[PDB]
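First up is the structure itself, then whatever we jot down about it.
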Amino acid sequence: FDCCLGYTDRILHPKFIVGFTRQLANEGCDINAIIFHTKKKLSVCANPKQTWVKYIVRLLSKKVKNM
Amino acid sequence: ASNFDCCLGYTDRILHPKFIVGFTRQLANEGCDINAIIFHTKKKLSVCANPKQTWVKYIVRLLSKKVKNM
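So, in structure tokens, the structure goes:
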């Protein structure tokens, strides 16, 4: 994605996610977004304020501590 | 589908947090030889980084804390 202009409505499970990128408003794009990177080598634009989005990011972060 | 582009080693060049916009985790238990943190940048040039290093752990934690507050 160059800029996310809209968001997915489909909740993903944490096991499917290998990473994320943050898009910030006024840093090249007009809205904020979390871009999830999946095990299928696809990406998904997600609403940063949604619970499931924060949940995946929290779990990814905790795993990195185990590394 | 294709096999993942494993990092085989880690950069020695520490990056400023302001240039890191995301990361992907590479896990040895998913078949690559080593664990790695693959940092993503605005230019789309990704960097292989050592998960045990302080500069890496800081940036991963910082991105995560910022996301929580968004």
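Sequence order for the protein chains is C and Y. Under the UniProt record's numbering, the first residue of the first sequence is numbered 30, with each subsequent residue one higher. Under the UniProt record's numbering, the first residue of the second sequence is numbered 27, with each subsequent residue one higher. Don't be surprised by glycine CBs; every beta carbon is placed ideally from N, CA and C.
Subject >> Unbroken alpha helix (DSSP H) run spanning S90 of chain C, endpoints >> reply: What you label residue 90 of chain C is simply residue 61 of the first sequence in a count that begins at 1. It spans 80-95 - the alpha helix (DSSP H) in which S90 of chain C sits, taken as one unbroken run.
Original post:
What's the gap between the Cα of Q79 of chain C and the Cα of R87 of chain C?
Top reply: Start at 1 with the first residue of the first sequence, and residue 79 of chain C comes out as number 50. Start at 1 with the first residue of the first sequence, and residue 87 of chain C comes out as number 58. Taking the straight line from one Cα to the other gives about 13 angstroms.
Original post:
What residues of chain Y sit near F45 of chain C, judged by a beta carbon separation below 8 angstroms?
Top reply: Position 16 of the first sequence holds residue 45 of chain C. Ordered by position in chain Y, no residue passes the 8 angstroms Cβ test against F45 of chain C, which lies about 13 angstroms from the chain.
**OP:** Give a yes or no on whether 7 angstroms exceeds the smallest Cβ distance from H42 of chain Y to chain C.
**Re:** Residue mapping note: residue 42 of chain Y aligns to position 16 of the second sequence, counting from 1. Output row for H42 of chain Y: interface = no.
Original post:
How about the segment 65-75 of chain C and the segment 37-46 of chain Y: do they share at least three Cβ pairs that are nearer than 8 angstroms?
Top reply: No: the two stretches stay apart, fewer than three of their Cβ pairs being nearer than 8 angstroms.
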